[PDB]
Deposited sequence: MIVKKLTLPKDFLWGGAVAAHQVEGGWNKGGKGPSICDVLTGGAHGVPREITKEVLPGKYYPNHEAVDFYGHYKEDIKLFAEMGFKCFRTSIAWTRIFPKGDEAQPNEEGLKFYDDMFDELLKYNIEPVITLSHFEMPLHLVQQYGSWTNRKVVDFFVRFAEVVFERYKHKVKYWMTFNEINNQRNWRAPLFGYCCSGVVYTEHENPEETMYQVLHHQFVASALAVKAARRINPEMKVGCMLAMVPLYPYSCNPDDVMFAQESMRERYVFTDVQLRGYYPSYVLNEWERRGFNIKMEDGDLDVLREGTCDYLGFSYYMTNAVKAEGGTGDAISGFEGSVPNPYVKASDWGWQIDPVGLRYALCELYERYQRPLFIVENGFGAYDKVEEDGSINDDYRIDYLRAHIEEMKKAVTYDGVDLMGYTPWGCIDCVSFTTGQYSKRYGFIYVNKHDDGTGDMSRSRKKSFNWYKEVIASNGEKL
């Protein structure tokens, strides 16, 4: 029969600010999430002006990957990871973002991390910006609204490409860059770009300006990496939630088609190297005015990403008249309402590959669920195994049947991490359980869930034994 490529990149994914902790160790400056309080169901996270002693900030400690990384990596090697995806904490390299020189201690930290990873033959996959820019850049410059932040990010990228030019083969620029396309939401704009759009006179115009600065920063980074070491691959990162039309009503089919542009505009620019006519038309209609410098458009054409990294978790259904979507009655969903749609993965893979004809990378996938530690210490997470297995099956299909070019697969929060929306521990994704809880209890120790040995066998059989 046919199987995945022998060198398929099976691994695991996390983000610095979601696991590391040590938020103020080694000279690291505060990031936008270090002033983001923990939340819960019905209780949103709060942005504070500074770190308030009375408040709870879950990213400060997270799961202490900063201290446990050597041992955690030994666990990754036990599962047999071919690669590991995390981010380089921007604030560990430029604590404020505008320093004349980088923070040496930060650079050493990641030298050590990548060394361990390579010791076990684990290829680092690094996201340059993953919801954790320096607070100072937001407070002093107005964040990505300011062209200067472009320069700051490029300096950051330049320093790290060179430092780890022989240690890191795979890069991505801006994590889930399209989350913020939803500009009414309280935290997509903030975590993406340190900008809350509804707090501006022209929220949408402000959005497109930030996007432009980031597209240009991404393109400038690609070129930088090419000059430093053209063997390295730098991809974009798209949060891929496919939108099904609820029915075969032409209005529904057409609404979904136009709505998918909220995703595609980002890859269109980052992969094709220019603003697609459909977005330029919108700017006209809305009378937006996006400040560009001479050369920007050239920069975009010359610095398109090399591969399409994306996260997949779920699918949505949309109606032309109604809502801003509606639950798909043909699929089940997690305890947090995230729809379970493995076929949607094959759909996303086929759609993305047919549109761009460039290599794809599934850099996020996983099932957020509660875990119960049994009397004997085991954690039976068959619910998570069922999810991942169904997705891997569909993923395999898109590769061996549909002919999609797929680089690899890295399930999200491969070790339990602080959640994004609520900053809780209780919503778990990991193969490795971390003893840390919402009320602050726990000793931070690790233990293997049932999904641990299962995913081990997955990689050993190159995805043939599920």
task = Spell out the unmodelled ranges of the deposited sequence for me, N- to C-terminal, numbering from the first residue.
result = 1 to 4, 328 to 336
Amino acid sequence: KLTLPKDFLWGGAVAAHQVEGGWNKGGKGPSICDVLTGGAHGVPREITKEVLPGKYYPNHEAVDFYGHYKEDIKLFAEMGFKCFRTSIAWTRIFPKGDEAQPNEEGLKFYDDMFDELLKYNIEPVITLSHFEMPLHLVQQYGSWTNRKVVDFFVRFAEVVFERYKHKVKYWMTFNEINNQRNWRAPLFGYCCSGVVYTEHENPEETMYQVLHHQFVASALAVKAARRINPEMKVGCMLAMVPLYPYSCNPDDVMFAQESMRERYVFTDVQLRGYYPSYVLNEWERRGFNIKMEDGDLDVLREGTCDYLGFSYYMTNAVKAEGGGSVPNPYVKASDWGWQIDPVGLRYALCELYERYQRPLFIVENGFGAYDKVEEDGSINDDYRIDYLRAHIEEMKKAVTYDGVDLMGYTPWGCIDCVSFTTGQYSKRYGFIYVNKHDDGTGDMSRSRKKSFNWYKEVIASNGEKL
From here on, numbers count along this sequence of modelled residues.
ask   = For the stretches 54 to 62 and 406 to 414, which has the higher mean C-alpha B-factor as given in the deposited record?
value = 54 to 62
query = Which has the higher mean CA temperature factor in the PDB entry, 362 to 370 or 286 to 294?
reply = 286 to 294
ask   = If you check the C-alpha B-factor for each of 124, 142, 189, 235 in the entry, which is highest?
value = 142
key: Most elevated Cα B-factor in the entry, residues 324, 276, 95, 250   = 324
key: residue 241 - Cα temperature factor, lowest/middle/highest third of chain   = lowest
Lowest, middle or highest third - CA B-factor, residue 456 = middle
Third of chain Cα B-factors occupied by residue 48 = highest
key: Cα B factor band for residue 320 (lowest, middle or highest third within the chain)   = highest
request  = Would you check the entry's CA temperature factor for residue 354 and let me know if it's in the chain's lowest, middle or highest third?
outcome  = lowest
